[PDB]
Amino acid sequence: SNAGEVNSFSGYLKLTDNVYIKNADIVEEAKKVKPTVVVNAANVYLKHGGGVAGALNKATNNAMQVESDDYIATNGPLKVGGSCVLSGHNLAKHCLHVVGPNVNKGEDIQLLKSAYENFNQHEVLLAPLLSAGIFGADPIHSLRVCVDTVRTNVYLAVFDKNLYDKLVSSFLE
């Protein structure tokens, strides 16, 4: 355990030994903290067209999309449950692009475990809840999978207050 690069997360609520949560927006948090790692809720093509991915890419002035396209040219598509490490641009040192399953499109919810397992390669991460939004997974379930799978330190930014309250209630009541 060392100080390393300062990840100045403020106002988080500790849910478990290693999972923290804040009612906040991930882009705002990244700009204020400039964490070592920000997680993107990616798709297999790294096409950052909406949701968290679109917001992160916009905050980088499209640099993230340009870099992602170059990576996909070398790699081909990611797999569901997989990830890649690219630059964090002006938001973080690194961006961990993680593909959770899109159950709204018929993909396997069990791969949410694989998706969160990628976080264990990083000591500390700023992240959204995976497979939310258009990906269609139950957010309470996604938080549970996160808690049960991630063993490194994860700081979750959940912007919607009602959802945040629902998630925190699943742990305090």
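Basically, rigid core = biggest C-alpha set you can superpose within 1.5 Å across the two forms. From 1 onward, residues are counted along the sequence shown.
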Between 102-110 and 36-44, the one drifting more in C-alpha RMS in 8 other deposited structures of this protein once the core is aligned is 102-110
Which of the two stretches, 67-75 versus 80-88, has its Cα atoms farther on average from this form in 8 other deposited structures of this protein when everything is superposed by the rigid core? 67-75
On mean Cα temperature factor in this entry, is 134-142 or 27-35 the higher one? 27-35
2-10 versus 162-170 - greater average Cα B-factor per the deposited record: 2-10
When the CA B-factors of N61, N40, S114, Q121 are compared as recorded in the entry, which is the largest? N61
Chain thirds of CA B-factor: placement of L78: middle
The third of the chain into which the C-alpha temperature factor of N90 falls is the highest
Lowest, middle or highest third of the chain for the C-alpha temperature factor of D69? middle
Modelled-residue ranking by C-alpha temperature factor, third containing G106: highest
Considering only modelled residues of the same chain, in which third does the CA B-factor of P128 rank: lowest, middle or highest? lowest
